[PDB]
Amino acid sequence: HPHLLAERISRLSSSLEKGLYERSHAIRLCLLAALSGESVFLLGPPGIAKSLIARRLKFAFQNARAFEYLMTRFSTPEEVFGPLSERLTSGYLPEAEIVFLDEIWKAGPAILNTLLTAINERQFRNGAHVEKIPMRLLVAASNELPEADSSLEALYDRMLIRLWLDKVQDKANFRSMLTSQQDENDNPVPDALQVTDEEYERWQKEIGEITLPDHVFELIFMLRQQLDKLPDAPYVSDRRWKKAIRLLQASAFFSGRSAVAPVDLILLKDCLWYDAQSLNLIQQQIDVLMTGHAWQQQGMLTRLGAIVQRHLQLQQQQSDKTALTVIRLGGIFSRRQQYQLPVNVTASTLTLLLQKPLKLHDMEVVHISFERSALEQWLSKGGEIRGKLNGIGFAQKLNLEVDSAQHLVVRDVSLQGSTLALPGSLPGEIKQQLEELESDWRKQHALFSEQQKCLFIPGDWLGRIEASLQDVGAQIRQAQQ
Amino acid sequence: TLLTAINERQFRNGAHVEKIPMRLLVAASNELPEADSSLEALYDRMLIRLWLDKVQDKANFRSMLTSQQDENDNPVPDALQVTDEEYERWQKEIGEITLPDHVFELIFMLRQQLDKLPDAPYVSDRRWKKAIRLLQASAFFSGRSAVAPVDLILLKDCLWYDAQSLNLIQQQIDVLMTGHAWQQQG
Amino acid sequence: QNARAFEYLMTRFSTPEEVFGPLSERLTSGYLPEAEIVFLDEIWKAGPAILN
Ligand SMILES: Nc1ncnc2c1ncn2[C@@H]1O[C@H](COP(=O)(O)OP(=O)(O)O)[C@@H](O)[C@H]1O
């Protein structure tokens, strides 16, 4: 039964897209928020299809009403909620479902005061006795941004989705859009894809029953502590974290899932920023989190380093068997030039082992890696060499010289010698621990290859997730060679 | 109330709503609205922006100064007046006009040219969609079945918004019509 | 057992007639003179007559 729900939603959003190209992210987000009792906000220049989406989502139901009003600087509350006689609310907002409010950043003082009580309580102060408001979707569009110290920020902090629409840019999607024969006032939604009033009241209760996995909570709490340490990061209130869960739980509900999926965190890119300055900061932190700690991308990186450290620890103990012989070629030159091994080594960032460890830069080291593009220059022209320690940090300078027996003596602050050596051409203990970590990559990749059919996920985000999973898998297959 | 009578051709009336048989919406004024006001919502929705001015020619002013033609009679004959049935049928055949591939190369090029110029006015996506209905209607009443490249001349009064951008829109189209239209500069 | 709520937001252009109730003598049906627990957010921007 839950698997058949994702098919009906995919056919409902397909009929709503017919007529508005390059607006999939602006229509799918409004349909999910309407079925879960959430709001949505739009921003952009007037004329990028902002009022039609408010009149298009009403055809997906069976008892919805439209209300397209423009808030002016001299607007009165009696002209919005209907004039009083006790208030004639015949087709306005208290009895409507999907209302539209354009230029909301300039209404009267009493207009904004009545809108705050109709969101947290879904009621209205209609004279003496109050009544409920069957509001299913709240949308608002404008153009500019409010002040930093004003009363208009009370409503902006309560809206969940902050859509960022813009004009068309693609040429192929503009051909049929320029000459579109589809009417904007008909009923393109079939009668079989429209939900009833009974199914809406039942879905409002099953969303809260979605369980929260322990691995999902590790990503939400980490993002909150990350934005608090950055001064340029925008502040996120506690209400935004609670209202965002209802959106993620509703995305997995209409997609054939019973728990919160880690891929649902992509929708948080339009629920944290507030201006154009913080727009590039929210999309940057989530892109790193979705390609770092989502499917355990960086989690396997800190575990693979312990396997390499354990493998290199057993190779430096038996380094006396295979040393490092440098070829001789001192012909006619002012300095005894050297050269590395030919076909034996071909890597660029190869590592070199040492016998007796030394204390370089007030720390211990067990392996030093050099660059192939930088080793040929020092062994031919001379000068100084720069190499990092333990494969981390920057390429610090070392006191490396040539040996009489064709070796590499590393000098420190105590004038101590250390002959370098290269690792030869896998122990059973390292192979056993490596297969356990490699099997974890296939388990995390199998989860992404099953839930990628979510309709509420953009298409440009799948290119960065797949490129992040292949980068980790390409590094774990190099040490096993 | 004027915004709901354009996109939906309806008007609220207490309880039930009704349609408006509005065929032509004309508006005239003198000054320009503010840059940050609610009056810009109606200006961005109007298609044709006619720029009328006083007479300048001397030959056309002689008969105009002493004109005996009445302005309250019926100079239109009864044989040239269309009926209510022909109006409802013409509203459907306008959308059936095909869009040639050579015409699309000029509309998309004009949109990208105004975006690179900082002094050029901004044109929303609604204006590009509503302008096609005007060009397709010009070729419909002229004996054509497709969008004619010469119909782009009427775009000189559907892009500008003030007196500053009036000389910029009429200059870019004049070069486009005498450059990339019939492959002049091409 | 007989309390009433009143969530109001004070603005820089608020009027006293929109808080206590518009006059006809003042229609104070469910506001502040007959309420018990009222809420006032952003009180540091109200008008001079509201604070008085
Ligand atoms: N980007 C777009 N793609 C397709 N159609 C559009 C687009 N922008 C506007 N339209 C069309 O213009 C008409 C009017 O849009 P409108 O409500 O004025 O947009 P806005 O509310 O952003 O000003 C709509 O019926 C819509 O079909």
# chains A, B, ... in the order shown; residues from 1 in each chain; ligands from 1
>>> interface_residues(of="chain B", to="chain A", cutoff="9 Å", atoms="only C-alpha atoms", output="PyMOL selection string")
chain B and resi 1+3-4+7-8+14-15+37-39+41+44-45+95-96+98-99+104+108+123-130+132-133
>>> residues_around(residues="residue A:11", least_positions_apart="6", cutoff="12 Å", atoms="only C-alpha atoms", output="PyMOL selection string")
chain A and resi 4-5+17-18+28+60+188-190+192-194+455
>>> write_last_selection(atoms="C-alpha atoms", output="short mmCIF file (atom, residue, chain, number, x, y, z; two decimals), in the first residue's frame")
data_model
loop_
_atom_site.label_atom_id
_atom_site.label_comp_id
_atom_site.auth_asym_id
_atom_site.auth_seq_id
_atom_site.Cartn_x
_atom_site.Cartn_y
_atom_site.Cartn_z
CA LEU A 4 1.55 2.68 -4.55
CA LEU A 5 1.39 6.15 -2.99
CA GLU A 17 3.95 21.07 -14.61
CA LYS A 18 2.19 21.26 -18.00
CA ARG A 28 6.65 20.29 -6.29
CA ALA A 60 -5.42 19.11 -7.53
CA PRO A 188 -5.71 19.96 -16.68
CA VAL A 189 -5.72 17.73 -13.57
CA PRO A 190 -7.81 14.56 -14.06
CA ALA A 192 -8.87 10.41 -10.70
CA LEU A 193 -5.76 12.16 -9.33
CA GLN A 194 -7.68 14.56 -7.06
CA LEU A 455 10.28 13.26 -7.05
#
>>> closest_residue(among="A:3, A:411, A:205, A:23", to="residue A:50", atoms="only C-alpha atoms")
A:23
>>> interface_residues(of="chain C", to="chain A", cutoff="8 Å", atoms="only C-alpha atoms", output="count of residues only")
12
>>> select_by_dssp(residues="stretch 253-417 of chain A", states="helix (DSSP H, G or I)", output="ChimeraX atom specification")
/A:253,262-270,279-290,297-315,372-378
>>> residues_around(residues="stretch 249-264 of chain A", least_positions_apart="4", cutoff="6 Å", atoms="only C-alpha atoms", output="PyMOL selection string")
chain A and resi 2-3+5-6+207+210-212+245+454
>>> write_last_selection(atoms="N, CA and C atoms", output="CSV table (one decimal), in the first residue's frame")
chain,number,residue,atom,x,y,z
A,2,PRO,N,1.9,1.4,0.9
A,2,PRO,CA,2.7,2.6,0.8
A,2,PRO,C,3.5,2.7,-0.5
A,3,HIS,N,3.8,1.6,-1.2
A,3,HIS,CA,4.6,1.7,-2.4
A,3,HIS,C,3.7,2.3,-3.5
A,5,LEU,N,1.6,4.7,-3.2
A,5,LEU,CA,1.4,6.2,-3.0
A,5,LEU,C,2.4,7.0,-3.8
A,6,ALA,N,3.6,6.5,-4.0
A,6,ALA,CA,4.6,7.3,-4.7
A,6,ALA,C,4.2,7.4,-6.2
A,207,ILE,N,1.8,11.7,9.2
A,207,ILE,CA,3.1,12.3,9.0
A,207,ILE,C,3.9,12.4,10.3
A,210,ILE,N,6.2,9.3,11.6
A,210,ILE,CA,7.4,8.8,11.0
A,210,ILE,C,8.5,8.8,12.0
A,211,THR,N,9.2,7.6,12.1
A,211,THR,CA,10.3,7.5,13.1
A,211,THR,C,11.5,8.3,12.6
A,212,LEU,N,12.4,8.6,13.6
A,212,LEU,CA,13.6,9.4,13.4
A,212,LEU,C,14.8,8.5,13.7
A,245,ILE,N,11.2,19.4,10.1
A,245,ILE,CA,11.0,18.0,10.2
A,245,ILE,C,9.7,17.5,9.5
A,454,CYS,N,13.1,9.7,-5.7
A,454,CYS,CA,12.2,10.7,-5.0
A,454,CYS,C,11.9,11.9,-5.9
>>> select_by_dssp(residues="stretch 205-443 of chain A", states="strand (DSSP E)", output="ChimeraX atom specification")
/A:327-328,338-339,351-354,359-360,363-364,367-369,386-389,392-397,399-402,408-411,420-421
>>> write_last_selection(atoms="N, CA and C atoms", output="CSV table (one decimal), in the first residue's frame")
chain,number,residue,atom,x,y,z
A,327,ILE,N,70.5,5.3,-8.7
A,327,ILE,CA,71.4,5.1,-9.8
A,327,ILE,C,72.5,6.2,-9.8
A,328,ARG,N,73.7,5.9,-10.3
A,328,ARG,CA,74.8,6.8,-10.4
A,328,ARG,C,74.9,7.3,-11.8
A,338,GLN,N,71.4,13.2,-9.2
A,338,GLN,CA,70.9,11.8,-9.0
A,338,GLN,C,69.6,11.7,-9.7
A,339,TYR,N,69.0,10.5,-9.7
A,339,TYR,CA,67.8,10.2,-10.4
A,339,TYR,C,67.1,9.0,-9.7
A,351,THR,N,55.3,7.4,-1.4
A,351,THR,CA,55.7,7.5,0.0
A,351,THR,C,57.1,6.8,0.1
A,352,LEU,N,57.8,7.3,1.1
A,352,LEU,CA,59.1,6.7,1.4
A,352,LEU,C,59.2,6.4,2.9
A,353,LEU,N,59.7,5.2,3.2
A,353,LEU,CA,59.8,4.7,4.6
A,353,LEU,C,61.3,4.9,5.1
A,354,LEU,N,61.4,4.9,6.4
A,354,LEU,CA,62.7,5.1,7.1
A,354,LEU,C,62.8,4.1,8.2
A,359,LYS,N,62.8,12.8,15.3
A,359,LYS,CA,61.8,13.8,15.8
A,359,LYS,C,62.0,15.1,15.0
A,360,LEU,N,61.1,15.2,13.9
A,360,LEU,CA,61.2,16.3,13.0
A,360,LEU,C,60.0,17.2,13.3
A,363,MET,N,57.8,16.4,16.5
A,363,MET,CA,56.8,15.4,16.4
A,363,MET,C,57.4,14.2,15.7
A,364,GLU,N,56.9,13.0,16.0
A,364,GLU,CA,57.4,11.8,15.4
A,364,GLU,C,56.7,11.6,14.0
A,367,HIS,N,56.6,7.8,8.0
A,367,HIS,CA,56.6,7.8,6.5
A,367,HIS,C,56.6,9.2,6.0
A,368,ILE,N,57.4,9.5,5.0
A,368,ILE,CA,57.5,10.8,4.4
A,368,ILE,C,57.3,10.6,2.9
A,369,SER,N,56.4,11.4,2.3
A,369,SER,CA,56.0,11.3,0.9
A,369,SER,C,56.6,12.5,0.2
A,386,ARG,N,61.2,20.3,-0.4
A,386,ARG,CA,60.1,20.5,0.5
A,386,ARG,C,59.2,19.3,0.5
A,387,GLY,N,59.0,18.7,1.7
A,387,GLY,CA,58.2,17.5,1.8
A,387,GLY,C,57.3,17.5,3.1
A,388,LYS,N,56.1,17.0,3.0
A,388,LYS,CA,55.2,16.9,4.1
A,388,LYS,C,55.5,15.7,5.0
A,389,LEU,N,54.9,15.7,6.2
A,389,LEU,CA,55.2,14.6,7.1
A,389,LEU,C,53.9,13.9,7.4
A,392,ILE,N,50.3,14.5,5.8
A,392,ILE,CA,49.4,15.6,6.1
A,392,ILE,C,50.2,16.9,6.2
A,393,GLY,N,49.6,18.0,6.4
A,393,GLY,CA,50.2,19.3,6.5
A,393,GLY,C,50.8,19.8,5.2
A,394,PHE,N,51.6,20.8,5.3
A,394,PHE,CA,52.2,21.4,4.2
A,394,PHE,C,53.6,20.8,3.9
A,395,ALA,N,54.2,21.1,2.7
A,395,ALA,CA,55.5,20.6,2.4
A,395,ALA,C,56.6,21.3,3.1
A,396,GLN,N,56.9,20.9,4.3
A,396,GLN,CA,57.9,21.6,5.1
A,396,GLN,C,59.3,21.2,4.5
A,397,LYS,N,60.3,22.0,4.9
A,397,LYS,CA,61.7,21.8,4.5
A,397,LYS,C,62.4,20.8,5.4
A,399,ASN,N,66.3,18.5,5.9
A,399,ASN,CA,67.7,18.4,5.7
A,399,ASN,C,68.1,17.1,5.0
A,400,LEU,N,67.7,17.0,3.8
A,400,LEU,CA,68.0,15.8,3.0
A,400,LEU,C,69.2,16.0,2.2
A,401,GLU,N,70.1,15.0,2.2
A,401,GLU,CA,71.4,15.1,1.5
A,401,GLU,C,71.6,13.7,0.8
A,402,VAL,N,72.7,13.6,0.1
A,402,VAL,CA,73.1,12.4,-0.7
A,402,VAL,C,74.1,11.6,0.2
A,408,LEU,N,69.6,8.0,0.8
A,408,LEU,CA,69.0,9.3,1.2
A,408,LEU,C,69.0,9.4,2.7
A,409,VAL,N,70.0,10.2,3.2
A,409,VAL,CA,70.2,10.4,4.6
A,409,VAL,C,69.4,11.7,5.0
A,410,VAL,N,68.5,11.5,6.0
A,410,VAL,CA,67.7,12.6,6.5
A,410,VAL,C,68.3,13.1,7.8
A,411,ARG,N,68.7,14.3,7.8
A,411,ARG,CA,69.3,15.0,9.0
A,411,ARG,C,68.2,15.8,9.8
A,420,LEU,N,66.6,6.3,4.0
A,420,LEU,CA,65.2,6.1,3.5
A,420,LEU,C,65.1,4.9,2.6
A,421,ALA,N,63.9,4.4,2.5
A,421,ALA,CA,63.6,3.2,1.7
A,421,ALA,C,62.2,3.2,1.2
